[PDB]
Amino acid sequence: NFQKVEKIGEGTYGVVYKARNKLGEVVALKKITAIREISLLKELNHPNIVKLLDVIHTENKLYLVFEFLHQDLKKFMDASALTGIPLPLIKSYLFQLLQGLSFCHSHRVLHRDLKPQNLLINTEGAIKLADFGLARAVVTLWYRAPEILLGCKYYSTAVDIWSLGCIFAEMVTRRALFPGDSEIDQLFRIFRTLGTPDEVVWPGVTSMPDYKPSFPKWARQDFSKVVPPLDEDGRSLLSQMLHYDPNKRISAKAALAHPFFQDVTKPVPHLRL
Ligand SMILES: NS(=O)(=O)c1ccc(Nc2nccc(-c3cnc4ccccn34)n2)cc1
């Protein structure tokens, strides 16, 4: 019932295509216990979440039909590489994404694999989270929370806050915060910046499945060196988004109340489609 327009990309759960509903709507068409779980996400509707319009199960084949947006944040960041995304827009995008996370997390749904590629933007200054709740139904490790890397089986909504903190830092500096090319390189990049975690800062860390007493012990670096020129409000918020202990890590709801957002606005981006 769809005429494919073009290949828009490829995901962890199969290829995504721009398509026209043959019988005029323009959509994103993704070709992938699961059915019921995905059907749950059809009701999960929020302005900063990419709407899942339909789920089609035909011939052992599964199709997810989403609302179509025109650009992802990876493409936008690359396009804004010369002068950087203006700070007020970074703040607007962070604020909106925290609203979306706050909504999903309140419904006990986590993303688990946030990255610039599944953050979608439109001409009006909105940004939306794509692929929410799918995980629970080369792969980038850059935005992976330390508890996942250390083998925690039962991670929490805190994993998404970590990923978003990483993305926030990337928008500001125009460089990935922790660009690991393997699981241990990812972990050790985190440790080299934030200090190797211990029982003081993260109670229970030394008993985690993949923790090794042999991990090198690196000292923590000051945030003024890690994300210039983020102001003190932004640095404070980021540090709370990157706490090692998931229970100390700021929630989306609490983050929205942080002083960093006192002067938040909704600018219109310069989008070249
Ligand atoms: N790369 S880009 O900037 O030109 C560009 C990217 C995405 C879109 N739209 C769009 N819409 C709805 C859903 C998605 C979506 C969800 N999961 C994935 C995984 C891979 C590719 C797209 N998506 N994508 C337009 C353009």
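Whatever order the structure lists ligands and atoms in, that order sets their numbers, starting from 1. Throughout, residue positions are numbered sequentially from 1 according to the sequence presented.
In the vicinity of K75, heavy-atom distances shorter than 4.0 Å reach the ligand 1 atoms 2 (S), 3 (O), 4 (O). Residue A28 approaches ligand 1 through these ligand atoms, each under 4.0 Å from one of its heavy atoms: 11 (N), 12 (C), 13 (C). Close contacts of ligand 1 with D131, meaning ligand atoms under 4.0 Å from a residue heavy atom, involve 16 (C), 17 (N). Counting the atoms of ligand 1 from 1 in the order shown, those under 4.0 Å from a heavy atom of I8 are 21 (C), 22 (C).
Residues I161 and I90 fall within the same hydrophobic cluster, defined by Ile, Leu, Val, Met, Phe, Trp and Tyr side chains chained together at heavy-atom separations under 4.5 Å. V139 and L134 fall into different hydrophobic clusters, defined by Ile, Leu, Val, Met, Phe, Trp and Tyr side-chain heavy atoms under 4.5 Å apart, directly or through other members.
A salt bridge does not link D198 to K217: none of the charged nitrogens lies less than 4.0 Å from a carboxylate oxygen.
Residue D72 touches ligand 1 through backbone and side chain together, judged by heavy-atom distances below 4.0 Å. Within the 4.0 Å heavy-atom criterion, the part of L120 lying near ligand 1 is the side chain and not the backbone. When non-hydrogen atoms are compared, ligand 1 lies under 4.0 Å from the backbone of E67 (N, CA, C, O) but not from its side chain. Neither the backbone nor the side chain of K74 has any atom closer than 4.0 Å to an atom of ligand 1 (non-hydrogen atoms only).
A distance-only check finds a donor-acceptor pair linking the side chain of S163 to the backbone of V159 [under 3.5 Å]. Distance alone, capped at 3.5 Å, is enough to place a donor-acceptor pair between the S80 side chain and the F76 backbone.
Aromatic ring orientation, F95 versus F261: tilted (interplanar angle from 30° to 60°).
Distances between N or O atoms of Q71 and those of ligand 1 include no value under 3.5 Å. Residue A130 has no nitrogen or oxygen atom sitting less than 3.5 Å from a nitrogen or oxygen atom of ligand 1, judged on distance alone.
Between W218 and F188, the gap from one ring centroid to the other is short of 6.0 Å.
Within the structure, ligand 1 has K30 among the residues with a heavy atom less than 4.0 angstrom away. Distances shorter than 4.0 angstrom do not occur between any heavy atom of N118 and any atom of ligand 1.
The minimum heavy-atom distance between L89 and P267, with the atom names listed, is N-CG, 3.9 Å.
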